[PDB]
There are 2 protein chains.
Amino acid sequence: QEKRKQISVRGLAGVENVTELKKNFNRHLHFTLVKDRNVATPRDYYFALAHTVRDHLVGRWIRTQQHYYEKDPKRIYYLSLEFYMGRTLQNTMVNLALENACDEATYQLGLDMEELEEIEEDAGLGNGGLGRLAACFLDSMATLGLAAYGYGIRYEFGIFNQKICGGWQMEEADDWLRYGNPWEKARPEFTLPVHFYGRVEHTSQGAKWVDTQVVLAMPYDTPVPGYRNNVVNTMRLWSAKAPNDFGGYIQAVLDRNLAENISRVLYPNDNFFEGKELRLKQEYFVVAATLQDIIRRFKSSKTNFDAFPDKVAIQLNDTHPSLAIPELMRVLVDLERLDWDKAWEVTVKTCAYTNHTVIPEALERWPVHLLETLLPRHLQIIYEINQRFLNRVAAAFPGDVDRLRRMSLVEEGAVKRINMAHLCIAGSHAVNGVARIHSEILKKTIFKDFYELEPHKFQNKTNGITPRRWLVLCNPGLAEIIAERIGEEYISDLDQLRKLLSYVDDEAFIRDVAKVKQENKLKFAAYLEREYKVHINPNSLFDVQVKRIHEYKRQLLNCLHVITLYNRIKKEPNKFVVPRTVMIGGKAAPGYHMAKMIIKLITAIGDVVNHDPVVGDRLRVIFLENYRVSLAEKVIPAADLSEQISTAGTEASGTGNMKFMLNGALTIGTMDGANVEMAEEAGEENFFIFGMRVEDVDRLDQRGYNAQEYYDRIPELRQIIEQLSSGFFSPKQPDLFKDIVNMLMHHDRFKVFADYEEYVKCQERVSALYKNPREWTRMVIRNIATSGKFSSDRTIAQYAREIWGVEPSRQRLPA
Amino acid sequence: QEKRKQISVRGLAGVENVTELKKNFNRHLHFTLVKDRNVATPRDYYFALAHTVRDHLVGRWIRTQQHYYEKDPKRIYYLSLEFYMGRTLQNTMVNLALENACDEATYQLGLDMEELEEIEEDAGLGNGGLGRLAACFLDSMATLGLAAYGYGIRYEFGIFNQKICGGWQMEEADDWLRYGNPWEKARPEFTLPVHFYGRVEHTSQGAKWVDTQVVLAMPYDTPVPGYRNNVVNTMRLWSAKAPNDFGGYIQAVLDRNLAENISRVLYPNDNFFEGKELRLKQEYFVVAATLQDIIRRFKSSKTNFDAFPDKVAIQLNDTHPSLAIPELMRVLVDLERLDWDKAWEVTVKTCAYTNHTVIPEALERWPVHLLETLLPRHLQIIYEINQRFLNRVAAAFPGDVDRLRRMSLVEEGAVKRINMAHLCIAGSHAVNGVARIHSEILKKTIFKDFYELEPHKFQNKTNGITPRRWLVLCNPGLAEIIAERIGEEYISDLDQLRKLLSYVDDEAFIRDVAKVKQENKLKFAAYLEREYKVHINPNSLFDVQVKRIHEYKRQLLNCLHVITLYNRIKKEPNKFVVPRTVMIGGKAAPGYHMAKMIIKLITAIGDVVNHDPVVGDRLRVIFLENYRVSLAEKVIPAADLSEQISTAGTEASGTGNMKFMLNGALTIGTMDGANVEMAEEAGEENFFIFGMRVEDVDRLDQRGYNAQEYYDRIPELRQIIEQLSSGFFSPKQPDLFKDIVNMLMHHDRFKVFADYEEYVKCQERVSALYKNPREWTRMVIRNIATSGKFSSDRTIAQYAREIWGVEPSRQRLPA
Ligand SMILES: O=C(O[C@@H]1Cc2c(O)cc(O)cc2O[C@@H]1c1cc(O)c(O)c(O)c1)c1cc(O)c(O)c(O)c1
Ligand SMILES: O=C(O[C@@H]1Cc2c(O)cc(O)cc2O[C@@H]1c1cc(O)c(O)c(O)c1)c1cc(O)c(O)c(O)c1
Ligand SMILES: OC[C@H]1O[C@H](O)[C@H](O)[C@@H](O)[C@@H]1O
Ligand SMILES: OC[C@H]1O[C@H](O)[C@H](O)[C@@H](O)[C@@H]1O
């Protein structure tokens, strides 16, 4: 399209720049891909453009790292088992101001750049929110000029590709590297050894970890460009490699695969702890290789370790890299020969821990037997940490023996375990939650004892999302009508969106906000037709719930609402209702039986609703297959209504909520996580808040949740449960949904029925406002305008000043 | 050195070419390696030069393949489980005339190009002679302008790296891809399915192979440049990849490794059949993927299959890819629906088979049970082939029932097997041996029945070696003094070396031949000091036996000679003997117990000889560690005496023999393999021929080989066996060599003692000529001058005219 080339936020198509891009495109097609235009496929053209764009990062990448060596600022190490990066081509072009020049260059070559973008695989190296947070954070730390390094694992296979077959999830390997990764640089020269198993021998200089099995950690470095500041930071992802030296010779060569399995695949659990030894190996693999880099970099700066916390921050993304704490003590005590107490002073000042859930089944509690086998020196260090930590509890709270038992890093039971959250709190100078309500729940419930011992350690860092990927990239139409009014500074200063409240009565802005949403809906509707032969009504309200399938997120509450709408149509067919396309998408963890049953129920509801001729185009229910970062970038800008309906107290923050608010959907939600702060920023009058508050959930927990009461008092609810039970949604297998019905009626930890009536009434209010396009749009303006707090630049600026002790800067490096 | 830049055979350092090379060097250092000269290692500089040199192949690679599409010549497919390629940087620079320009460009950048060359790993994708033959053949087919495609497996791990520890072989994984391969191009877009297991269902159009397990075959294409003719052919090596679709999800992702193990490692057997199922999978993997390419290419030319043998040659390198014959029948009958008889006519005209040994333990004889499980349709096709083939035997030789049993593709016994050599002969229009004596032994012994049925099928193709790698690359000093006299045409017309017989009395040539050998000896001697702290006397005769460790090659006969020299010195210490450095090197197969004992004996002999102060510098015995193509390129040009001492009738050809002759060593050898033809070319007066002839070995076999007779009649031999037995060479473990002594005395299939006396007397004649430098050199001139037959260009020109039906051409493509 010649229309999108007119988008000012996409930069200049400089005549010389366009000439150079076409030359470098053709150059890579010949020398890099070894093709000519006679045999070249769209995939070859995507790769030729990716190599051409990647060449523009290299000078800035080298100069940034040289700049950090020269200036020696404090270095931030962001340790995560997940980096949910998504694609890279568009993000690179946006951050380097190349997007219009590449669009023009490709257009002149006879190519559609948008079609080339759709060839790139997502770097799907995460599960959901925590993984994407790490990705938004790398982007914001580069935009804020921080000497920041993402450290993780280069999984051969990311989050599984979800297919829907027979209305059921099927999992397939995410072979994201099949056609290579043009962004990464392999660094085999910087390969480091990681040790497993073995035994401790305590001798003449102290402890020595011996008889270990070695796994090599080969780093792959990916550029992380800041927004037009010429900063390019690094994401370093470790790949597992068998050691050089060693069933016979052949079997021994094949058995190299066992060590190399450590980086093979991402564990697909979202908010659920699976205590697999292989997962523990992945956690130690990242920590051990990463801390070797950190220590070497420290020593090669302007050994004495007193300055180490002035030169190093380690941020732990969940407890996944919690072993950083005992590993740093092991390195400082066993190898550097520091006194325990000095090493401990260093460790706590270096390390900080971010918590992302209060759900007990999500928290890591490793069996002591497994730690003793795999990491014997780490277990000895953990026990020593626990004794000295509990000595401090005993001195602060003398004779509080129950507090000692509650706070211990060691959990007693049939299987003795290490509580990794307790280890993180003991070994960290800062502990944060990820939304105001969540950080308050930590201090009141799960970490109350720790908060009482060291109140100064407990912080809030409300989550955010990068307005590069999540507005300029995915919704250039909206970014453009905003820039037409307030210029471009908001792209790295999102609080300037508040200027848009001046436009609530501006006829042109009201027109343009609605026209951009409609354009996004028409494009998404086209996609569903072209890639899946699925028809959707583009004059319908796009009602979207996209996130991992989890009982706490209550896709089932959405299911009850959808069936309510269906049943209300059947009872009063002649009565006008606002047409809806209800879209639900997300992956279930492969072992999660209830999650997989919930996907089948969504598709089953579709099978009835979407073929009832009385309903026709008034209601459609579609399960969006393979929800991932690239699909988020398509559906979120097309959404009218953002479903954020977690049981109050269960969603720590959410970030999908923020994406929807930034892209011109209105929110229906509970007072949970960051929904509370989004409502506060916009005004509650501009949010569809419903249901129990945290205090109400607790009152139910105090008297006991009886789902039967709701069933007995609510005829419309009774009708739906009877439909599920009797087989209305599974006629060939009438008892198919018995496990969902049994859970809802007798074992529902998330109180789905308790929010049913307020949810349905709230949804009526949504439909009422949608009937008034002008007032729907004015309320959208009030949401976009107040979305500025939810920039990850705001979040990271708080991490930098309140935890890391570094001052962010938006100032550009030279050219 | 500024001296080597003066070598005219290395081409011109054009001022613009040097400028462009430095620019592209710096460009790759920045954009490809993402380094600056502050952090750059010699390894980064090697890679920057390799990418710069590889860029010069690309235009010619694309134009050559386009040329073959346009001209549609008959295509030659050279199927091998082994491509022993060695390095690629120097070979590329030689074949493109870039060597002086790159040397000057690197010199101007402050770099030693020779030091950069030593960083490259060898592509060690073969065991020995057959693997290297495939490599020389690709080089010669490109130099002769043939539309030729090498097809094989991209082993992740090539021939194991040999370390010597405690004087014993140790094996380590050949991780040749650790730092990447800058020559290859991955072609994941051309990935093809290969089928295993399953079952046959015979239905309405005939047979269907169903319920199979799929392994994908991902091609990696490597350029093969001809000598200065602008031809760049392709070596396509298949990599195993798990199919896209499928213990739980995690285990299923890890279990992808099982399919991917097919291309993991080269089976390290030289001249020995190991009937491992994994090896059978590798063989079928290469054949099935390769034949899909061949069929697709055929159909996309200027379906009717009558023309297929006019457009396709398939050359089978040993029986390793013998399944090509039943696979082609399976494709033509089951998928293309040709009548059996028409398919068979096509198959036999397409296929030809090269044999490389008569040793029964080297020949492939697959259990029918294993073929029935892995390849049920292939076994059915083999049985059908066998019936029709034996019907023809019965009609040619009516009532010869023993001939039927002898010729059958099916071998009866405890375990019924398929004789893959019989399948190849039945399914091939040509069968060749690899030296005149070997091809005669095939027609007289092992394949006599087949020769009687179809005499026209049996050919000779005497082996050769490329005079690019094996003279211009490895011995530029010798290539230069030759070019100074006869110009450069000999480099692709090696029979012009006969012109050097005009120089047998030329004082300057005699001086220069000796000066080049001395330069090679000084350089190799330096290497042994620098890389292994090993001292060798450069005024000693360099006596070299380098080849795989095998009883038939009789490294043990060399061992007896070395101990004879030691014992003669000790008996008459004051008597002058020509000082020798006796070098033995080669790998033993990991399972081969006798081979591994023989390496230990060589190092054990060293431990005594090299520390006896009575001997000092008069005799040294060194085991050359990790003998491979790159080390062959160093030691062969430094050699005085080439040890080629196989039992007459056992070495099919040899090619190391040819390398030594071309590089100015004199040969001590039996009348075996190509040694016979080398002696014929040079005159027997210019070779140290000794020992039993094939006829003499047979007379011993007829009366029975009694090693005791030799022991009883030869006092010097008795003394050595008593030293081995008593522990003189293993004092801490006196019985260490009991297995060697027992084999020599009672179970020696290779008659080591029977050649002992003639071997020692022949070695005295070698020492006598070495005392006369002028006459040693004149005899060397007579050897180099007559080495021209042993060019692989001669060999391939014969394959092309006598088997493939294509006319070779030395004419250049444009620029
Ligand atoms: O369905 C269309 O795109 C798909 C949906 C979609 C979206 O919802 C938001 C977004 O940021 C990008 C986006 O790319 C999708 C897409 C898929 C392709 O296979 C493709 O070739 C392409 O150019 C793009 C489409 C149809 C159109 O008719 C059209 O003109 C167009 O530009 C695009
Ligand atoms: O031992 C020397 O080289 C090694 C042996 C050797 C050979 O025998 C033949 C040949 O084709 C090449 C060859 O490269 C070897 C070599 C090893 C290295 O590590 C290296 O850096 C190098 O430049 C080379 C050497 C010593 C020298 O003193 C010298 O000047 C020299 O140019 C080379
Ligand atoms: O903190 C980032 C994210 O981590 C986890 O996904 C939490 O469940 C989610 O609420 C949070 O927003
Ligand atoms: O034909 C190439 C080579 O194949 C095998 O290695 C044979 O043992 C050898 O004699 C021959 O020269």
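The chains referred to below are lettered A, B, ... by the order of the sequence lines, with proteins before strands, and numbering in each begins at 1. The figures here come from the full heavy-atom set of this structure, side chains too, leaving out hydrogens, waters and symmetry mates.
The list of ring-ring contact (aromatic ring centres under 6.0 Å, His included) pairs with a residue in residues 671-697 of chain B, not counting sequence neighbours, reads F690(B)-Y759(B).
The side-chain heavy atoms of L146(B) and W804(B), taken from C-beta on, include a pair separated by under 4.5 Å. Contact check for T650(B) versus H550(B): no side-chain heavy atoms found under the 4.5 Å cut-off. Using a 4.5 Å heavy-atom threshold, the side chains of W183(B) and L89(B) count as touching. A heavy-atom distance below 4.5 Å is not found between the side chains of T795(B) and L133(B).
Using a 4.0 Å cut-off between charged nitrogen and carboxylate oxygen, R749(B) and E551(B) do not count as a salt-bridge pair. Using a 4.0 Å cut-off between charged nitrogen and carboxylate oxygen, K499(B) and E489(B) do not count as a salt-bridge pair. A salt bridge does not link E519(B) with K523(B): none of the charged nitrogens is closer than 4.0 Å to a carboxylate oxygen. A salt bridge links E775(B) with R778(B): at least one charged nitrogen is closer than 4.0 Å to a carboxylate oxygen. Taking 4.0 Å as the cut-off between side-chain N and carboxylate O, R810(B) and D793(B) do not count as a salt-bridged pair. Ion pair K443(B)/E440(B) flagged as a salt bridge, since at least one NZ, NE, NH1 or NH2 atom sits closer than 4.0 Å to an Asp/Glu carboxylate oxygen.
Annotation: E685(B), atom CD; neighbour count of heavy atoms from other residues, nucleotides and ligands within 6.0 Å is above 12.
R236(B) and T234(B) share no donor-acceptor pair across their side chains, judged by distance under 3.5 Å alone. With no hydrogens or angles considered, a side-chain donor-acceptor pair links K587(B) and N626(B) at under 3.5 Å. For the residue pair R580(B) and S767(B), a side-chain donor N or O sits within less than 3.5 Å of a side-chain acceptor on the partner. Counted by atom type alone, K547(B) and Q555(B) present zero donor-acceptor pairs between their side chains at under 3.5 Å. A donor atom on one side chain and an acceptor atom on the other are found under 3.5 Å apart for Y149(B) and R75(B). No donor-acceptor contact under 3.5 angstrom links the side chains of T655(B) and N463(B), judged on distance only. At a cut-off of 3.5 Å, with distance as the only test, no side-chain donor of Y227(B) or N229(B) sits close to an acceptor on the other residue. Judged by distance alone, the side chains of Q545(B) and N558(B) do bring a donor and an acceptor atom under 3.5 Å apart. Side-chain contact annotation: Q763(B) with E643(B), donor-acceptor N/O pair under 3.5 Å present. The closest side-chain donor-acceptor pair between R468(B) and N95(B), if any, does not fall under 3.5 angstrom. Looking at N460(B) and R436(B), their side chains never bring a donor and an acceptor atom within 3.5 Å of each other. For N317(B) and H356(B), the side-chain atoms include at least one donor-acceptor pair closer than 3.5 Å. Remark: the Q459(B) side chain and the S439(B) side chain contain no N/O donor-acceptor pair separated by less than 3.5 Å.
Taking the six-membered ring wherever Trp is involved, the centroid distance between the rings of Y799(B) and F137(B) falls below 6.0 Å.
In this structure a side-chain-to-backbone donor-acceptor pair under 3.5 Å is missing from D755(B) to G691(B). Between the side chain of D696(B) and the main chain of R693(B), a donor-acceptor pair closer than 3.5 Å is present. Listed for the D506(B) side chain is a donor-acceptor partner under 3.5 Å among the backbone atoms of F509(B). Judged purely by atom type and a 3.5 angstrom limit, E82(B) uses its side chain to pair as donor or acceptor with the backbone of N127(B).
To the nearest 0.5 angstrom, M779(B) atom CE is 8.0 Å from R782(B) atom CZ.
Scanning for side-chain hydrogen bond (donor to acceptor under 3.5 Å, both in side chains) contacts around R132(B) gives an empty result, with sequence neighbours left out. Not counting sequence neighbours, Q518(B) has no partner by the side-chain hydrogen bond (donor to acceptor under 3.5 Å, both in side chains) test.
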Intermediate values then yes/no, side-chain contact (heavy atoms from CB on, under 4.5 Å), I510(B) and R774(B): CA-CA 7 Å; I510(B) 297 175; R774(B) 172 183 188 90; 3.7 Å; yes
